[PDB]
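Worksheet for the structure shown next.
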Amino acid sequence: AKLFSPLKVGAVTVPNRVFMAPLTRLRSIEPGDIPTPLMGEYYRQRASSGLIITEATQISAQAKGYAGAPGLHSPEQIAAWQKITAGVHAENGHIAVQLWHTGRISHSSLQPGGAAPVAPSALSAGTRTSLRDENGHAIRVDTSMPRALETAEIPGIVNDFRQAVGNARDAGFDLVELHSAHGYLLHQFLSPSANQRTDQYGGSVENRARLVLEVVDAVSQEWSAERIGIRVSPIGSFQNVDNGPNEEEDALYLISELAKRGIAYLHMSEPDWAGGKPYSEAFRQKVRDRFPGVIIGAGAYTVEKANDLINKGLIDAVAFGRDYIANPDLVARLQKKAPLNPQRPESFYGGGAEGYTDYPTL
Ligand SMILES: Cc1cc2nc3c(=O)[nH]c(=O)nc-3n(C[C@H](O)[C@H](O)[C@H](O)COP(=O)(O)O)c2cc1C
Ligand code: NA
């Protein structure tokens, strides 16, 4: 029953702890990377969630690495998001925008001027991203070799997160979630496998965490620390980005730095979903010891797991991913122990209403 009780999340009080994890769906309008009324209906259908966390959204045009992913850096984008947030709030829902810079998980055809994408170091991501073929359908393509950011360019990255959070506030969102996970730009700097820099942003864990903490500080001053959430994936390997040979201690360092800044929540994307070893309770307790604020757990969660960890005080809420794709009233289904619709993975990425707004309620 506690999974269905209210929770204060920074400045915002949500009615339950069944959260919608951020899910890239690649249905935005190109050119311009504009959210659509169809996306608004998708999110409106899921506003019984205690907190919707949007698909990852570009902080700038440079941030783009997927065709079809939305932006929050242009007046067109802001206007369209404003209708989405209004739609969710008119269902008495709550909504946070996940903000990313994709870094080296990108393609030069998606970048301003067709230039190479940026990263902490000029090292191939060794993975693929999603473009659109001439008929508008998602296709997987090798990422482009990135250019290493100059030291003097790091403030511009911070400044672009800062402005994007300003726009998130103007656009009506309740919170923002910094995307510091899954091998995108912030995680690239955190990871010794993607970051081989020789300036103050590479090497030691203090140098590697510096950018993400500069971002947290800037966006907290732009809006408020109690409006800032962050998603991390600091244990295991994700999209070919690992967390180095001291991953547990390094993770606990970052978590303690985040706690010092009073942020609204810590959202941990666990490896049990991808194919790694799941968090031990001893690790979870070390996290909790360092982070007394809201912790969101994610990745292959049962209701059993959710109750267990919530009743134990180790997490405060759970973000459901694929089950939210297929079940707009997931909250009701979980309370009533009803069954779930089956997922149609062939329509997760790209397309239109089918596999998106056409999953039914009880
Ligand atoms: C289609 C799809 C899109 C996703 N998009 C994002 C994203 O934009 N940002 C992010 O942080 N995680 C993203 N994820 C990871 C999920 O948010 C989630 O954490 C993961 O799938 C495991 O949780 P689950 O077992 O409930 O699906 C995505 C996953 C899927 C399947
Ligand atoms: Na040089």
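Naming works like this for the structure tokens: A, B, ... for the chains as they're shown, residue 1 at the start of each chain, ligands 1 onward in shown order.
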
| task | Skip residue A:345 itself and residues of its chain fewer than 3 positions away, then list as a ChimeraX atom specification all residues within 12 Å of it, counting only C-alpha atoms. | result | /A:25,322-323,325-326,342,348-350,354-356

I need the chosen residues saved as a compact mmCIF listing (two decimals), in the first residue's frame, with N, CA, C and O atoms.
# COMPACT_ATOMS: atom_id res chain seq x y z
N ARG A 25 10.90 7.71 -27.63
CA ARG A 25 9.94 7.16 -28.56
C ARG A 25 10.09 7.69 -29.98
O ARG A 25 9.52 7.10 -30.90
N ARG A 322 8.94 -0.16 -19.63
CA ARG A 322 8.20 -0.78 -20.72
C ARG A 322 6.76 -1.04 -20.32
O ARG A 322 5.85 -0.89 -21.14
N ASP A 323 6.51 -1.39 -19.05
CA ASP A 323 5.13 -1.57 -18.61
C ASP A 323 4.33 -0.28 -18.72
O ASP A 323 3.10 -0.33 -18.86
N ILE A 325 4.88 1.92 -21.22
CA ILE A 325 4.58 2.02 -22.66
C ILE A 325 3.23 1.37 -22.95
O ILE A 325 2.40 1.93 -23.68
N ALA A 326 3.00 0.18 -22.39
CA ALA A 326 1.87 -0.64 -22.80
C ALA A 326 0.64 -0.47 -21.91
O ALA A 326 -0.43 -0.93 -22.29
N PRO A 342 0.17 -6.81 -23.20
CA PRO A 342 1.49 -7.18 -23.70
C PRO A 342 2.09 -6.08 -24.57
O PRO A 342 1.39 -5.36 -25.28
N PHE A 348 7.98 0.59 -30.48
CA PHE A 348 8.58 1.44 -29.45
C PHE A 348 9.16 2.71 -30.05
O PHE A 348 8.98 3.80 -29.51
N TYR A 349 9.84 2.60 -31.19
CA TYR A 349 10.65 3.67 -31.74
C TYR A 349 10.09 4.13 -33.08
O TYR A 349 9.95 3.34 -34.01
N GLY A 350 9.77 5.42 -33.17
CA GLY A 350 9.27 5.98 -34.40
C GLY A 350 7.82 5.64 -34.64
O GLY A 350 7.17 4.90 -33.89
N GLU A 354 -0.04 4.08 -33.51
CA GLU A 354 -0.13 2.65 -33.26
C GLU A 354 1.11 2.20 -32.49
O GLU A 354 2.24 2.51 -32.88
N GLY A 355 0.89 1.51 -31.38
CA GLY A 355 1.96 1.19 -30.47
C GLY A 355 2.38 2.32 -29.56
O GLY A 355 3.48 2.29 -29.01
N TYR A 356 1.50 3.31 -29.36
CA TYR A 356 1.83 4.55 -28.68
C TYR A 356 0.63 5.02 -27.86
O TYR A 356 0.67 4.99 -26.63

| Do you know which residues are within 12 Å of ligand 2 using only C-alpha atoms and all ligand atoms? Can you write them as a list in words? | residues 147, 148, 149, 150, 151 and 152 of chain A

| Protein and nucleic acid residues within 7 Å of ligand 1 (only C-alpha atoms and all ligand atoms) as a ChimeraX atom specification | /A:21-25,55-56,179,181-182,231,269,273,298-301,319-323,348-349

Can you write out the residues you just picked, keeping C-alpha atoms, as a PDB file, in the first residue's frame?
ATOM      1  CA  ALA A  21      10.405   6.213 -16.459  1.00  0.00           C
ATOM      2  CA  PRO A  22      11.818   8.339 -19.287  1.00  0.00           C
ATOM      3  CA  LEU A  23      11.210   6.547 -22.590  1.00  0.00           C
ATOM      4  CA  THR A  24      12.656   7.625 -25.944  1.00  0.00           C
ATOM      5  CA  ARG A  25       9.938   7.156 -28.564  1.00  0.00           C
ATOM      6  CA  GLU A  55      11.559  11.040 -22.868  1.00  0.00           C
ATOM      7  CA  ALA A  56      15.056  12.476 -23.028  1.00  0.00           C
ATOM      8  CA  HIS A 179      20.408  12.677 -17.794  1.00  0.00           C
ATOM      9  CA  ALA A 181      23.260   7.901 -17.191  1.00  0.00           C
ATOM     10  CA  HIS A 182      23.416   5.364 -20.028  1.00  0.00           C
ATOM     11  CA  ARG A 231      19.439   9.898 -13.332  1.00  0.00           C
ATOM     12  CA  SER A 269      19.069   2.940 -13.348  1.00  0.00           C
ATOM     13  CA  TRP A 273      17.514  -4.679 -16.524  1.00  0.00           C
ATOM     14  CA  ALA A 298      14.406   1.546 -11.899  1.00  0.00           C
ATOM     15  CA  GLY A 299      15.034  -1.526 -14.018  1.00  0.00           C
ATOM     16  CA  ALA A 300      13.129  -4.823 -13.933  1.00  0.00           C
ATOM     17  CA  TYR A 301      10.963  -4.090 -10.918  1.00  0.00           C
ATOM     18  CA  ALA A 319      10.005   4.208 -12.266  1.00  0.00           C
ATOM     19  CA  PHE A 320       8.400   1.663 -14.616  1.00  0.00           C
ATOM     20  CA  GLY A 321       9.528   1.739 -18.246  1.00  0.00           C
ATOM     21  CA  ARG A 322       8.201  -0.777 -20.715  1.00  0.00           C
ATOM     22  CA  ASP A 323       5.131  -1.569 -18.608  1.00  0.00           C
ATOM     23  CA  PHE A 348       8.575   1.438 -29.448  1.00  0.00           C
ATOM     24  CA  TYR A 349      10.650   3.675 -31.741  1.00  0.00           C
TER      25      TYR A 349
END

| field | Residue contacts of stretch 31-45 of chain A (6 Å, only C-alpha atoms) excluding same-chain residues fewer than 5 positions away, as a list in words | value | residues 70, 71, 77, 80, 84, 87, 88, 328 and 357 of chain A

Can you spit out the residues from that selection as a CSV table (one decimal), in the first residue's frame, using C-alpha atoms?
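Dumped everything to again_12.csv:
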chain,number,residue,atom,x,y,z
A,70,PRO,CA,12.4,16.5,-28.9
A,71,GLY,CA,14.2,19.6,-27.9
A,77,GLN,CA,9.5,23.6,-28.8
A,80,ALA,CA,4.5,22.7,-27.8
A,84,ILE,CA,1.8,18.9,-23.1
A,87,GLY,CA,-2.7,18.6,-20.6
A,88,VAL,CA,-1.0,16.5,-17.9
A,328,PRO,CA,-1.6,3.9,-19.5
A,357,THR,CA,-1.7,5.9,-27.9

| So which residues of stretch 48-256 of chain A fall under strand (DSSP E) by DSSP, listed as number ranges by chain? | A: 52-53, 57-58, 95-100, 118-119, 128-132, 138-142, 147-148, 175-180, 228-232, 237-238, 241-242

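When atom CA of residue A:185 is paired with atom CA of residue A:102, their separation reads 5.3 Å.
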
| field | 10 Å contact set for residue A:274, only C-alpha atoms, chain neighbours under 3 positions out, as a ChimeraX atom specification | value | /A:236-239,269-271,277-278,299-300

| request: Find the residue from A:119, A:67, A:268, A:3 that sits nearest to residue A:132; use only C-alpha atoms when measuring. | output: A:67

| note | Pairwise distance, atom CA of residue A:212 with atom CA of residue A:79, equals 28.0 Å

| field | Backbone-only DSSP, alpha helix (DSSP H) members of stretch 33-246 of chain A, as a PyMOL selection string | value | chain A and resi 37-45+75-90+154-170+185-190+205-208+210-222

| task | In Å, rounded to a single decimal, give me how far atom CA of residue A:353 is from atom CA of residue A:297. | result | 29.1 Å

Do a neighbour search on stretch 312-317 of chain A at 6 Å with only C-alpha atoms, toss out local chain neighbours closer than 5 positions, and write the hits as an mmCIF file with C-alpha atoms, in the first residue's frame.
data_model
loop_
_atom_site.group_PDB
_atom_site.id
_atom_site.type_symbol
_atom_site.label_atom_id
_atom_site.label_comp_id
_atom_site.auth_asym_id
_atom_site.auth_seq_id
_atom_site.Cartn_x
_atom_site.Cartn_y
_atom_site.Cartn_z
ATOM 1 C CA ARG A 17 5.195 6.304 -6.142
ATOM 2 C CA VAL A 294 14.148 10.722 -2.466
ATOM 3 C CA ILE A 295 15.663 7.725 -4.226
ATOM 4 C CA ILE A 296 13.963 6.319 -7.332
#

| query | Quick one: of A:184, A:243, A:305, A:259, who's nearest to residue A:281, counting only C-alpha atoms? | reply | A:305

| message | Residues within 9 Å of residue A:12, please, as an NGL selection string. Count only C-alpha atoms; anything in the same chain fewer than 6 positions from it doesn't count. | response | :A and (94 or 174-175 or 226-227 or 264)

N, CA, C and O atoms of the current selection, written as an mmCIF file, in the first residue's frame:
data_model
loop_
_atom_site.group_PDB
_atom_site.id
_atom_site.type_symbol
_atom_site.label_atom_id
_atom_site.label_comp_id
_atom_site.auth_asym_id
_atom_site.auth_seq_id
_atom_site.Cartn_x
_atom_site.Cartn_y
_atom_site.Cartn_z
ATOM 1 N N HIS A 94 1.554 15.072 -12.650
ATOM 2 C CA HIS A 94 2.798 15.789 -12.404
ATOM 3 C C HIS A 94 3.817 15.297 -13.420
ATOM 4 O O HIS A 94 3.761 14.142 -13.851
ATOM 5 N N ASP A 174 7.115 20.414 -13.566
ATOM 6 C CA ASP A 174 7.226 20.430 -12.108
ATOM 7 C C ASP A 174 8.673 20.234 -11.645
ATOM 8 O O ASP A 174 9.082 20.820 -10.636
ATOM 9 N N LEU A 175 9.441 19.415 -12.367
ATOM 10 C CA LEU A 175 10.832 19.110 -12.060
ATOM 11 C C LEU A 175 11.587 18.915 -13.372
ATOM 12 O O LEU A 175 10.988 18.797 -14.440
ATOM 13 N N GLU A 226 15.652 22.147 -5.176
ATOM 14 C CA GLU A 226 14.517 21.261 -4.938
ATOM 15 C C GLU A 226 13.668 21.041 -6.191
ATOM 16 O O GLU A 226 12.618 20.396 -6.105
ATOM 17 N N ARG A 227 14.100 21.556 -7.341
ATOM 18 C CA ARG A 227 13.478 21.244 -8.623
ATOM 19 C C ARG A 227 14.317 20.310 -9.480
ATOM 20 O O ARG A 227 13.884 19.958 -10.577
ATOM 21 N N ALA A 264 16.421 17.336 -5.494
ATOM 22 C CA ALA A 264 15.106 16.759 -5.253
ATOM 23 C C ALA A 264 15.126 15.239 -5.251
ATOM 24 O O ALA A 264 14.430 14.623 -4.438
#

| field | Test item: residues at most 9 Å from residue A:146, only C-alpha atoms, excluding those fewer than 6 positions along its chain, as a ChimeraX atom specification | value | /A:103-108,116-125

| From the list A:220, A:196, A:48, A:60, which residue is nearest residue A:263 when using only C-alpha atoms? |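 That would be A:220, the residue with the smallest distance to residue A:263.
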